[PDB]
Every structure is written in structure tokens, then in C-alpha cells.
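J.: This is the content of target-v7.cif (mmCIF, C-alpha atoms):
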data_query
loop_
_atom_site.group_PDB
_atom_site.id
_atom_site.type_symbol
_atom_site.label_atom_id
_atom_site.label_comp_id
_atom_site.auth_asym_id
_atom_site.auth_seq_id
_atom_site.Cartn_x
_atom_site.Cartn_y
_atom_site.Cartn_z
ATOM 1 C CA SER A 1 -16.661 -11.586 -17.919
ATOM 2 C CA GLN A 2 -16.331 -15.144 -16.679
ATOM 3 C CA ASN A 3 -14.677 -16.135 -19.977
ATOM 4 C CA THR A 4 -11.028 -16.012 -18.887
ATOM 5 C CA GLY A 5 -9.842 -17.550 -22.144
ATOM 6 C CA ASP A 6 -10.064 -17.302 -25.947
ATOM 7 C CA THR A 7 -13.160 -16.318 -27.953
ATOM 8 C CA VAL A 8 -13.373 -18.446 -31.082
ATOM 9 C CA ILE A 9 -15.928 -17.675 -33.813
ATOM 10 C CA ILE A 10 -17.217 -19.989 -36.552
ATOM 11 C CA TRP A 11 -17.184 -18.252 -39.941
ATOM 12 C CA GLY A 12 -18.228 -19.514 -43.359
ATOM 13 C CA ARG A 13 -21.841 -20.627 -42.830
ATOM 14 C CA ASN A 14 -23.560 -17.567 -44.363
ATOM 15 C CA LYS A 15 -22.062 -15.159 -46.929
ATOM 16 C CA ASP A 16 -24.214 -12.396 -45.400
ATOM 17 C CA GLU A 17 -22.129 -12.454 -42.208
ATOM 18 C CA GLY A 18 -19.514 -10.274 -43.923
ATOM 19 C CA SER A 19 -15.854 -10.777 -44.711
ATOM 20 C CA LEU A 20 -13.241 -12.518 -42.616
ATOM 21 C CA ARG A 21 -11.466 -9.180 -42.118
ATOM 22 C CA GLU A 22 -14.694 -7.702 -40.702
ATOM 23 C CA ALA A 23 -14.788 -10.505 -38.108
ATOM 24 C CA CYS A 24 -11.169 -9.814 -37.166
ATOM 25 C CA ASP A 25 -11.784 -6.043 -36.888
ATOM 26 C CA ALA A 26 -14.856 -6.538 -34.650
ATOM 27 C CA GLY A 27 -12.800 -6.458 -31.468
ATOM 28 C CA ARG A 28 -14.413 -9.673 -30.209
ATOM 29 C CA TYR A 29 -12.478 -12.753 -31.281
ATOM 30 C CA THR A 30 -9.053 -14.266 -30.812
ATOM 31 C CA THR A 31 -9.533 -17.067 -33.366
ATOM 32 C CA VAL A 32 -11.712 -17.701 -36.414
ATOM 33 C CA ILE A 33 -12.585 -21.229 -37.579
ATOM 34 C CA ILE A 34 -13.305 -21.177 -41.337
ATOM 35 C CA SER A 35 -16.002 -23.822 -41.901
ATOM 36 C CA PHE A 36 -15.905 -26.199 -43.804
ATOM 37 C CA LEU A 37 -13.813 -28.392 -46.026
ATOM 38 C CA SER A 38 -16.953 -30.470 -46.341
ATOM 39 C CA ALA A 39 -16.211 -33.232 -48.881
ATOM 40 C CA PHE A 40 -13.345 -35.713 -48.906
ATOM 41 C CA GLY A 41 -12.554 -39.418 -48.718
ATOM 42 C CA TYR A 42 -15.611 -40.937 -50.356
ATOM 43 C CA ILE A 43 -14.261 -40.100 -53.855
ATOM 44 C CA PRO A 44 -10.508 -40.170 -54.620
ATOM 45 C CA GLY A 45 -9.331 -36.745 -55.655
ATOM 46 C CA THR A 46 -12.681 -35.016 -54.867
ATOM 47 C CA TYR A 47 -12.474 -32.283 -52.207
ATOM 48 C CA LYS A 48 -14.953 -29.451 -51.663
ATOM 49 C CA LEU A 49 -14.652 -26.212 -49.692
ATOM 50 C CA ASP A 50 -18.122 -25.001 -48.658
ATOM 51 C CA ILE A 51 -17.977 -21.470 -47.285
ATOM 52 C CA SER A 52 -21.559 -20.731 -48.305
ATOM 53 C CA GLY A 53 -20.708 -18.609 -51.348
ATOM 54 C CA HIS A 54 -18.209 -16.329 -49.618
ATOM 55 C CA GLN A 55 -15.697 -15.216 -52.221
ATOM 56 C CA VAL A 56 -12.572 -17.293 -51.869
ATOM 57 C CA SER A 57 -10.537 -14.487 -53.450
ATOM 58 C CA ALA A 58 -11.190 -12.243 -50.423
ATOM 59 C CA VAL A 59 -10.188 -14.851 -47.845
ATOM 60 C CA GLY A 60 -6.399 -15.066 -48.372
ATOM 61 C CA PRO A 61 -5.696 -11.325 -48.024
ATOM 62 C CA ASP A 62 -8.003 -11.299 -45.009
ATOM 63 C CA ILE A 63 -6.174 -14.227 -43.366
ATOM 64 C CA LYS A 64 -2.870 -12.371 -43.646
ATOM 65 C CA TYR A 65 -4.469 -9.211 -42.267
ATOM 66 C CA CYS A 66 -6.060 -11.120 -39.385
ATOM 67 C CA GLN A 67 -2.731 -12.777 -38.525
ATOM 68 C CA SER A 68 -0.955 -9.396 -38.619
ATOM 69 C CA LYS A 69 -3.490 -8.304 -35.948
ATOM 70 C CA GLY A 70 -2.605 -11.365 -33.831
ATOM 71 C CA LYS A 71 -5.658 -13.514 -34.675
ATOM 72 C CA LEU A 72 -5.401 -17.239 -35.249
ATOM 73 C CA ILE A 73 -7.167 -18.756 -38.281
ATOM 74 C CA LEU A 74 -8.113 -22.452 -38.427
ATOM 75 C CA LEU A 75 -9.742 -24.430 -41.237
ATOM 76 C CA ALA A 76 -12.382 -26.871 -40.051
ATOM 77 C CA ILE A 77 -12.637 -30.187 -41.871
ATOM 78 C CA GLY A 78 -15.931 -32.072 -41.845
ATOM 79 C CA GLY A 79 -19.054 -30.241 -40.742
ATOM 80 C CA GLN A 80 -22.710 -31.256 -40.634
ATOM 81 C CA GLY A 81 -23.047 -32.756 -44.140
ATOM 82 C CA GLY A 82 -22.853 -36.272 -45.495
ATOM 83 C CA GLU A 83 -20.054 -35.932 -48.077
ATOM 84 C CA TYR A 84 -17.037 -36.826 -45.979
ATOM 85 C CA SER A 85 -15.360 -39.770 -44.195
ATOM 86 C CA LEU A 86 -11.961 -41.537 -44.272
ATOM 87 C CA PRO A 87 -12.689 -45.025 -45.699
ATOM 88 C CA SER A 88 -9.022 -46.100 -45.601
ATOM 89 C CA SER A 89 -5.587 -45.105 -44.389
ATOM 90 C CA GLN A 90 -4.832 -43.944 -47.930
ATOM 91 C CA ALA A 91 -7.822 -41.583 -47.708
ATOM 92 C CA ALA A 92 -6.203 -40.084 -44.600
ATOM 93 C CA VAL A 93 -2.861 -39.653 -46.407
ATOM 94 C CA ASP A 94 -4.624 -38.091 -49.392
ATOM 95 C CA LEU A 95 -6.539 -35.621 -47.180
ATOM 96 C CA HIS A 96 -3.321 -34.803 -45.333
ATOM 97 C CA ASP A 97 -1.602 -33.943 -48.607
ATOM 98 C CA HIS A 98 -4.589 -31.936 -49.791
ATOM 99 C CA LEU A 99 -4.619 -29.905 -46.574
ATOM 100 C CA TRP A 100 -0.842 -29.410 -46.442
ATOM 101 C CA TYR A 101 -0.440 -28.210 -50.007
ATOM 102 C CA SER A 102 -3.805 -26.447 -50.445
ATOM 103 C CA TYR A 103 -4.253 -24.624 -47.104
ATOM 104 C CA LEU A 104 -1.244 -25.024 -44.784
ATOM 105 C CA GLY A 105 2.427 -24.087 -45.315
ATOM 106 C CA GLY A 106 3.215 -26.637 -48.054
ATOM 107 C CA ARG A 107 3.648 -25.444 -51.631
ATOM 108 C CA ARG A 108 3.442 -27.438 -54.864
ATOM 109 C CA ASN A 109 2.992 -25.757 -58.233
ATOM 110 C CA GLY A 110 -0.280 -26.697 -59.884
ATOM 111 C CA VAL A 111 -2.183 -27.160 -56.588
ATOM 112 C CA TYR A 112 -5.155 -24.827 -56.335
ATOM 113 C CA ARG A 113 -4.899 -22.830 -53.107
ATOM 114 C CA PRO A 114 -8.314 -21.233 -52.499
ATOM 115 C CA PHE A 115 -6.734 -18.675 -50.151
ATOM 116 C CA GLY A 116 -3.662 -18.067 -52.317
ATOM 117 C CA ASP A 117 -0.420 -17.364 -50.499
ATOM 118 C CA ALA A 118 -2.000 -17.216 -47.050
ATOM 119 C CA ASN A 119 -1.483 -20.135 -44.631
ATOM 120 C CA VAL A 120 -4.072 -21.119 -42.057
ATOM 121 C CA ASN A 121 -2.658 -21.698 -38.573
ATOM 122 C CA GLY A 122 -4.102 -25.197 -38.202
ATOM 123 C CA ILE A 123 -6.947 -27.621 -38.725
ATOM 124 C CA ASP A 124 -10.072 -28.190 -36.596
ATOM 125 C CA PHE A 125 -11.437 -31.742 -36.743
ATOM 126 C CA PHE A 126 -15.156 -30.921 -36.804
ATOM 127 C CA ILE A 127 -15.995 -34.590 -37.337
ATOM 128 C CA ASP A 128 -19.718 -34.467 -36.624
ATOM 129 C CA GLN A 129 -20.696 -36.978 -39.346
ATOM 130 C CA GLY A 130 -19.362 -40.008 -41.215
ATOM 131 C CA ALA A 131 -17.311 -42.850 -39.778
ATOM 132 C CA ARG A 132 -14.624 -42.577 -37.086
ATOM 133 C CA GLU A 133 -11.712 -44.441 -38.589
ATOM 134 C CA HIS A 134 -8.297 -43.026 -39.550
ATOM 135 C CA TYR A 135 -8.623 -39.526 -38.060
ATOM 136 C CA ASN A 136 -5.930 -40.597 -35.567
ATOM 137 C CA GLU A 137 -3.604 -41.109 -38.523
ATOM 138 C CA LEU A 138 -4.526 -37.768 -40.063
ATOM 139 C CA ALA A 139 -3.860 -36.042 -36.724
ATOM 140 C CA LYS A 140 -0.394 -37.641 -36.515
ATOM 141 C CA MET A 141 0.440 -36.601 -40.086
ATOM 142 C CA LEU A 142 -0.646 -33.006 -39.489
ATOM 143 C CA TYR A 143 1.069 -32.755 -36.111
ATOM 144 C CA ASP A 144 4.316 -34.129 -37.485
ATOM 145 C CA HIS A 145 4.992 -30.847 -39.298
ATOM 146 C CA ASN A 146 5.649 -29.382 -35.842
ATOM 147 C CA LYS A 147 8.456 -31.911 -35.347
ATOM 148 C CA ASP A 148 9.468 -31.223 -39.002
ATOM 149 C CA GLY A 149 3.224 -24.242 -36.560
ATOM 150 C CA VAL A 150 0.251 -26.513 -37.286
ATOM 151 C CA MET A 151 -2.363 -26.279 -34.547
ATOM 152 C CA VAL A 152 -4.466 -29.442 -34.271
ATOM 153 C CA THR A 153 -7.917 -28.935 -32.715
ATOM 154 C CA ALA A 154 -11.181 -30.836 -32.523
ATOM 155 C CA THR A 155 -14.826 -29.917 -32.157
ATOM 156 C CA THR A 156 -16.855 -32.628 -30.417
ATOM 157 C CA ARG A 157 -20.470 -33.340 -29.543
ATOM 158 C CA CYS A 158 -21.518 -32.597 -25.993
ATOM 159 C CA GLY A 159 -21.322 -36.004 -24.318
ATOM 160 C CA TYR A 160 -18.033 -37.611 -23.415
ATOM 161 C CA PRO A 161 -16.875 -39.687 -25.241
ATOM 162 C CA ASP A 162 -17.459 -38.605 -28.820
ATOM 163 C CA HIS A 163 -16.782 -41.793 -30.717
ATOM 164 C CA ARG A 164 -15.993 -39.927 -33.927
ATOM 165 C CA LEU A 165 -13.057 -38.164 -32.215
ATOM 166 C CA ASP A 166 -12.065 -40.326 -29.243
ATOM 167 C CA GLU A 167 -9.406 -42.366 -31.043
ATOM 168 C CA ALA A 168 -7.921 -39.235 -32.601
ATOM 169 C CA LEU A 169 -7.892 -37.470 -29.243
ATOM 170 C CA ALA A 170 -6.152 -40.521 -27.733
ATOM 171 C CA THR A 171 -3.069 -39.689 -29.835
ATOM 172 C CA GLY A 172 -2.439 -36.858 -27.379
ATOM 173 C CA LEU A 173 -1.790 -34.456 -30.258
ATOM 174 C CA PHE A 174 -4.738 -32.035 -29.936
ATOM 175 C CA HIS A 175 -3.905 -28.556 -28.704
ATOM 176 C CA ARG A 176 -7.554 -27.507 -28.213
ATOM 177 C CA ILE A 177 -10.929 -29.251 -27.892
ATOM 178 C CA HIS A 178 -14.162 -27.296 -28.488
ATOM 179 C CA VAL A 179 -17.003 -29.150 -26.725
ATOM 180 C CA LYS A 180 -20.333 -28.270 -28.358
ATOM 181 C CA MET A 181 -23.267 -27.712 -25.991
ATOM 182 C CA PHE A 182 -25.434 -27.486 -29.116
ATOM 183 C CA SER A 183 -26.426 -29.438 -32.223
ATOM 184 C CA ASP A 184 -27.255 -33.127 -32.395
ATOM 185 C CA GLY A 185 -26.000 -34.846 -29.259
ATOM 186 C CA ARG A 186 -26.570 -31.720 -27.134
ATOM 187 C CA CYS A 187 -26.457 -32.392 -23.391
ATOM 188 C CA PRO A 188 -29.635 -31.813 -21.417
ATOM 189 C CA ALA A 189 -29.238 -28.501 -19.613
ATOM 190 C CA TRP A 190 -28.786 -30.043 -16.161
ATOM 191 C CA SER A 191 -25.717 -31.998 -17.247
ATOM 192 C CA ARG A 192 -23.753 -29.255 -19.092
ATOM 193 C CA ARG A 193 -21.406 -28.500 -16.193
ATOM 194 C CA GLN A 194 -20.534 -32.105 -15.376
ATOM 195 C CA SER A 195 -20.132 -32.972 -19.069
ATOM 196 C CA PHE A 196 -17.758 -30.117 -19.703
ATOM 197 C CA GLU A 197 -15.745 -30.888 -16.588
ATOM 198 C CA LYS A 198 -15.429 -34.514 -17.673
ATOM 199 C CA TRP A 199 -13.974 -33.421 -21.007
ATOM 200 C CA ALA A 200 -11.616 -30.933 -19.306
ATOM 201 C CA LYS A 201 -10.328 -33.449 -16.772
ATOM 202 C CA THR A 202 -9.929 -36.215 -19.364
ATOM 203 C CA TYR A 203 -7.605 -34.085 -21.551
ATOM 204 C CA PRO A 204 -5.522 -32.054 -19.076
ATOM 205 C CA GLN A 205 -2.849 -31.283 -21.685
ATOM 206 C CA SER A 206 -5.367 -29.664 -24.059
ATOM 207 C CA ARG A 207 -7.102 -26.322 -23.660
ATOM 208 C CA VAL A 208 -10.799 -27.199 -23.533
ATOM 209 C CA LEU A 209 -13.363 -24.648 -24.696
ATOM 210 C CA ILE A 210 -17.154 -24.605 -24.370
ATOM 211 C CA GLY A 211 -19.062 -24.339 -27.668
ATOM 212 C CA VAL A 212 -22.270 -22.321 -27.574
ATOM 213 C CA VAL A 213 -24.746 -20.877 -30.052
ATOM 214 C CA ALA A 214 -25.183 -17.123 -30.352
ATOM 215 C CA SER A 215 -28.955 -17.356 -30.892
ATOM 216 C CA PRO A 216 -31.866 -19.696 -30.112
ATOM 217 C CA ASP A 217 -32.641 -19.529 -33.828
ATOM 218 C CA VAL A 218 -29.657 -21.900 -34.248
ATOM 219 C CA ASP A 219 -30.553 -24.291 -31.401
ATOM 220 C CA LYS A 220 -33.408 -23.312 -29.128
ATOM 221 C CA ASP A 221 -32.794 -26.001 -26.518
ATOM 222 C CA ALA A 222 -29.060 -25.461 -26.261
ATOM 223 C CA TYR A 223 -29.069 -21.643 -26.278
ATOM 224 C CA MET A 224 -27.870 -20.010 -23.055
ATOM 225 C CA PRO A 225 -28.216 -16.224 -22.848
ATOM 226 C CA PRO A 226 -25.043 -14.367 -21.783
ATOM 227 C CA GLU A 227 -26.129 -14.196 -18.148
ATOM 228 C CA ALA A 228 -26.737 -17.955 -18.028
ATOM 229 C CA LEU A 229 -23.471 -18.758 -19.776
ATOM 230 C CA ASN A 230 -21.633 -16.541 -17.280
ATOM 231 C CA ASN A 231 -23.289 -18.480 -14.454
ATOM 232 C CA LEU A 232 -21.941 -21.719 -15.951
ATOM 233 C CA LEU A 233 -18.503 -20.186 -16.645
ATOM 234 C CA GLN A 234 -18.048 -19.202 -13.015
ATOM 235 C CA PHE A 235 -17.816 -22.947 -12.326
ATOM 236 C CA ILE A 236 -16.050 -24.296 -15.387
ATOM 237 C CA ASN A 237 -13.453 -21.544 -15.646
ATOM 238 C CA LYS A 238 -11.955 -23.068 -12.463
ATOM 239 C CA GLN A 239 -10.642 -25.986 -14.526
ATOM 240 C CA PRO A 240 -6.902 -25.403 -14.958
ATOM 241 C CA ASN A 241 -7.165 -26.109 -18.697
ATOM 242 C CA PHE A 242 -10.319 -24.093 -19.355
ATOM 243 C CA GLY A 243 -9.592 -22.507 -22.734
ATOM 244 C CA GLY A 244 -12.474 -20.124 -23.463
ATOM 245 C CA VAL A 245 -15.662 -20.101 -25.508
ATOM 246 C CA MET A 246 -16.343 -21.081 -29.128
ATOM 247 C CA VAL A 247 -19.405 -19.404 -30.639
ATOM 248 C CA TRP A 248 -21.583 -20.625 -33.533
ATOM 249 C CA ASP A 249 -21.449 -18.397 -35.520
ATOM 250 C CA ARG A 250 -20.363 -15.017 -36.911
ATOM 251 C CA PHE A 251 -23.711 -14.364 -38.613
ATOM 252 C CA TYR A 252 -25.715 -14.938 -35.445
ATOM 253 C CA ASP A 253 -23.155 -13.277 -33.209
ATOM 254 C CA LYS A 254 -23.552 -10.121 -35.299
ATOM 255 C CA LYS A 255 -27.333 -10.540 -35.141
ATOM 256 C CA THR A 256 -27.571 -10.821 -31.356
ATOM 257 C CA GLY A 257 -24.393 -9.209 -30.129
ATOM 258 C CA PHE A 258 -23.825 -12.357 -28.020
ATOM 259 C CA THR A 259 -20.070 -12.103 -27.466
ATOM 260 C CA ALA A 260 -20.275 -8.360 -26.862
ATOM 261 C CA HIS A 261 -22.869 -8.980 -24.107
ATOM 262 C CA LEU A 262 -20.923 -11.750 -22.376
#
I'd like the structure from this file rewritten - as C-alpha cells, please.

T.:
Amino acid sequence: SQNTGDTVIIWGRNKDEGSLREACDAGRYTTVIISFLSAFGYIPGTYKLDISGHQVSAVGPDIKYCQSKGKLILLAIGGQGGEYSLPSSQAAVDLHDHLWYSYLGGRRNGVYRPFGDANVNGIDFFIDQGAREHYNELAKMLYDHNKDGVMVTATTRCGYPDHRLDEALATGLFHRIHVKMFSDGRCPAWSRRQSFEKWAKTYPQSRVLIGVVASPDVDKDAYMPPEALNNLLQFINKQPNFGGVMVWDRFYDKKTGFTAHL
């Protein structure tokens, strides 16, 4: 197909999409983004993982299985709700420590790890809501584990710049950027190519992926059928840092077969 890069699937938004291991056994994806750690910052010590009623006890064994099959697993922070922001630098430190000891490679007895002894491979900054401040500091704190892996990625709205992420991206620490064509802030169809290329050329050291929906039931205006996405990909895959396609989401990708038809 014209997707020369990774295929990244969002998982966690509907329990009826099946387990994480099922997504990894589908033969379709290189990376799964578990979505979302959806509450933090507004209340000290309050953090919520919203994976739509998926059983957390199944996730850890499935992460280890997925990684044994060569898949990368990221946890997305943020999401589309209104229960998260970083109101201070201390909020960023607190969220760092929560992520490191609850989900990443850190260990501290007494900390609840929803996925047990499994480690996610990194954190996606899906900062679609709330205020912009202090994510640059969180990115530095997460990245610093690589200096003494933690992949640091972001998922942005369609138009460049995304003011919720621009300061964090300016740190230069983001390995991947997933540019949503869909959701609030969606580009008008005529501008998708130029918008994506602006993102790609602005961040030449990152792999830059195009985010699409698997069904017009998710976003009717932003949906591109496989044939139309391949027409767009034949242009944007010429960017040297084109990174692949991110698809919202596993439930709808199963429903339509989108990635299997690309």
C-alpha cells in the first residue's frame, strides 16, 4: 500500500473491541496506543485510567505477549475529556512520578500498577483538552530516563501549530507525532496534504504519522476511505520522516476492516 511506515491503532475506547492480545494477533498493527489516562493535575493525588471497562487484569499479560511478538505499546495521557491539565510544575512532577512508577519501568512497593509487572514502551501526549502549560517539563522528565527505553510521542490536532503541544514539541524530545485529520480542529479536506507536510517539515527529527478514522461513524467529515487515503499517501509518503498511519480505533477498524483494505 502507500503506507510505507508503521500502523498504529488506538485501543481502550470500547470494551467490545476485544482484548489487547487480539489486536496484536490481528496481523495489522505495529503499535497499540492504550487510551487514556484521562484524569490528572486538577486534584493532587487523583489519577484515573479510563479504558472503557476493559479488564485491567488482562492488559499486563497481553502487553508482555504483544512485546514478545515485536509490537510497541504506548499509554496515552489526556484524551477528549475535561478531567485533566497541569496547573503547576509540581503537577507535572507528580504526573511524571505516577507514570514512571505505575506504568513505565519504575518500581515502588505500594504503588498500584494496573498492568502489573508489564512496562509500556512509552507515553503518547494526547493533549486534546485542558491548558497547555508544563507538558514541556513532563516531556523532559520522561525523556530523561533514556539518558538515565521511554518513547515520547504526541497526538496533535490537524492544524499546525497545536498550541496544546507546541511548547512540548519545541523541546525536541518527541520521537513520533501523530497528526489527527479527524476530531475537533479537523482540517478541511482540501488542506490535508499541505497541513501534514507542514508538520512533517517542521519536525524533521521526528517520525510524523497521519491520524485517520476507520469509519465515518467516528467522524463523517474527516473519514477518507482506503482508496482516498492511499491517494493522499502517495504524496505525503515522500516526506523523508513520514512515519506511517495512526488509526482511530480498534473497535471501528474491526468493524470496517479499514487497515486490512489499505

J.: Evaluating the PyMOL selection byres ((chain A and resi 154) around 10) on the displayed file yields which residues, as JSON, numbers by chain?

T.: {"A": [76, 77, 123, 124, 125, 126, 127, 139, 152, 153, 155, 156, 165, 168, 169, 174, 175, 176, 177, 178, 179, 208]}

J.: Quick one: of A:243, A:61, A:225, A:216, who's nearest to residue 196 (chain A), counting only C-alpha atoms?

T.: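 Of A:243, A:61, A:225, A:216, the one nearest residue 196 (chain A) is A:243, counting only C-alpha atoms.
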
J.: Please provide the set of residues having any atom within 9 Å of residue 122 (chain A), restricted to only C-alpha atoms, with same-chain residues fewer than 3 positions apart removed, written as a VMD selection string.

T.: chain A and resid 72 to 76 103 to 104 119 142 149 to 153

J.: Please compute the CA of residue 202 (chain A)-CA of residue 95 (chain A) distance, one decimal, in Å.

T.: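 CA of residue 202 (chain A) sits 28.0 Å away from CA of residue 95 (chain A).
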
J.: For this file, the PyMOL selection byres ((chain A and resi 52) around 10) selects which residues, as a list in words?

T.: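 Against this file, the PyMOL selection byres ((chain A and resi 52) around 10) returns the residues residues 11, 12, 13, 14, 15, 16, 35, 36, 49, 50, 51, 53, 54 and 55 of chain A.
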
J.: Could you spell out the hits of the PyMOL selection byres ((chain A and resi 25) around 12) on the shown file, as a PDB file with C-alpha atoms, keeping the file's coordinate frame?

T.:
ATOM      1  CA  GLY A  18     -19.514 -10.274 -43.923  1.00  0.00           C
ATOM      2  CA  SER A  19     -15.854 -10.777 -44.711  1.00  0.00           C
ATOM      3  CA  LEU A  20     -13.241 -12.518 -42.616  1.00  0.00           C
ATOM      4  CA  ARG A  21     -11.466  -9.180 -42.118  1.00  0.00           C
ATOM      5  CA  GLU A  22     -14.694  -7.702 -40.702  1.00  0.00           C
ATOM      6  CA  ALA A  23     -14.788 -10.505 -38.108  1.00  0.00           C
ATOM      7  CA  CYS A  24     -11.169  -9.814 -37.166  1.00  0.00           C
ATOM      8  CA  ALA A  26     -14.856  -6.538 -34.650  1.00  0.00           C
ATOM      9  CA  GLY A  27     -12.800  -6.458 -31.468  1.00  0.00           C
ATOM     10  CA  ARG A  28     -14.413  -9.673 -30.209  1.00  0.00           C
ATOM     11  CA  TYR A  29     -12.478 -12.753 -31.281  1.00  0.00           C
ATOM     12  CA  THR A  30      -9.053 -14.266 -30.812  1.00  0.00           C
ATOM     13  CA  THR A  31      -9.533 -17.067 -33.366  1.00  0.00           C
ATOM     14  CA  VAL A  32     -11.712 -17.701 -36.414  1.00  0.00           C
ATOM     15  CA  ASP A  62      -8.003 -11.299 -45.009  1.00  0.00           C
ATOM     16  CA  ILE A  63      -6.174 -14.227 -43.366  1.00  0.00           C
ATOM     17  CA  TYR A  65      -4.469  -9.211 -42.267  1.00  0.00           C
ATOM     18  CA  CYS A  66      -6.060 -11.120 -39.385  1.00  0.00           C
ATOM     19  CA  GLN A  67      -2.731 -12.777 -38.525  1.00  0.00           C
ATOM     20  CA  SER A  68      -0.955  -9.396 -38.619  1.00  0.00           C
ATOM     21  CA  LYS A  69      -3.490  -8.304 -35.948  1.00  0.00           C
ATOM     22  CA  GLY A  70      -2.605 -11.365 -33.831  1.00  0.00           C
ATOM     23  CA  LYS A  71      -5.658 -13.514 -34.675  1.00  0.00           C
TER      24      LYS A  71
END

J.: For region 192-201 of chain A, I'd like the enclosing box, axis-aligned and padded by 4 Å on every side, reported as lines of an AutoDock Vina configuration file with centre and edge lengths in Å to one decimal.

T.:
center_x = -17.0
center_y = -31.5
center_z = -18.2
size_x = 21.4
size_y = 14.0
size_z = 13.6

J.: Just how far from CA of residue 254 (chain A) is CA of residue 233 (chain A), in Å to one decimal?

T.: 21.8 Å

J.: Suppose you want the space between CA of residue 116 (chain A) and CA of residue 98 (chain A); what is it in Å?

T.: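 Answer for the CA of residue 116 (chain A) to CA of residue 98 (chain A) separation: 14.1 Å.
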
J.: Counting only C-alpha atoms, I want the residues whose atoms come within 10 Å of (-15.0, -19.7, -29.1) in the file frame, returned as a PyMOL selection string.

T.: chain A and resi 3+5-10+29-33+178-179+209-213+243-249+259
